[PDB]
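Shown next, in structure tokens, is the structure this report addresses.
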């Protein structure tokens, strides 16, 4: 149960033994992935429609 | 529209917004001991599908 408050030190102390973490051959890459993760499709389609709506809105609002 | 992701019908930001509410419908206040209008069972908008 990791969130923005969670640190990579506890992830290293509780997820290191997992073979999935062993697939990442770089510790810096693992830390960057943890930071990215700390900060099902049709609704995603509606999300892209919303994205188009907001980009059109910002463009027209600036003009 | 230069974006197919936009719906074919949508309130464009270029179109100016429409103003606030006004409704003059002064129907008779019904003394409500009655059953009102009801459509038939197989009645639906023309192109619901």
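Chains as they are written, first to last, in the entry's author numbering: chain T, 807 to 845, 856 to 879; chain A, 342 to 390. Idealized CB from N, CA, C, for every residue including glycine.
Exposure label - residue 864 (chain T); buried when at least 16 CB within 10 Å: The residue given as residue 864 (chain T) occupies position 48 in the first chain. Exposed, because fewer than 16 other Cβ atoms sit within 10 Å of the Cβ of residue 864 (chain T).
Positions along the stretch 351–372 of chain A whose CB lies within less than 8 Å of some CB in chain T: Result list: 351, 353, 354, 355.
Meets three-Cβ-pair contact criterion under 8 Å: the stretch 350–357 of chain A and the stretch 366–381 of chain A: In short, these stretches do not touch, since the Cβ pair count stays below three.
Spatial neighbours of residue 836 (chain T) in its chain, beta-carbon cut-off 7 Å, leaving aside the 5 residues before and after: Translated into the one-based positions of the first chain, residue 836 (chain T) becomes position 30. Taking residue 836 (chain T) as the centre and dropping the five residues before and after it, the same chain places the C-beta of 827, 830 closer than 7 Å to its C-beta, in chain order.
Contact check, residue 347 (chain A) vs residue 872 (chain T), beta carbons under 8 Å: Your numbering for residue 347 (chain A) matches position 6 in the second chain. Your numbering for residue 872 (chain T) matches position 56 in the first chain. Their beta carbons are under 8 Å apart, which means residue 347 (chain A) touches residue 872 (chain T) by this criterion.
C-beta neighbour in chain T for residue 380 (chain A), strict 8 Å: Mapped onto the second chain, residue 380 (chain A) falls at position 39. No, residue 380 (chain A) lies away from the interface with chain T (no Cβ there is under 8 Å from its Cβ).
Whole-angstrom distance between residue 867 (chain T) and residue 857 (chain T), CA atom to CA atom: Start at 1 with the first residue of the first chain, and residue 857 (chain T) comes out as number 41. Start at 1 with the first residue of the first chain, and residue 867 (chain T) comes out as number 51. Between the alpha carbons of residue 857 (chain T) and residue 867 (chain T) lies a gap of roughly 15 Å.
Interface residues of chain A facing residue 864 (chain T) [CB-CB closer than 7 Å]: On the first chain, residue 864 (chain T) is found 48 positions in, with the first residue counted as 1. In chain order: 346.
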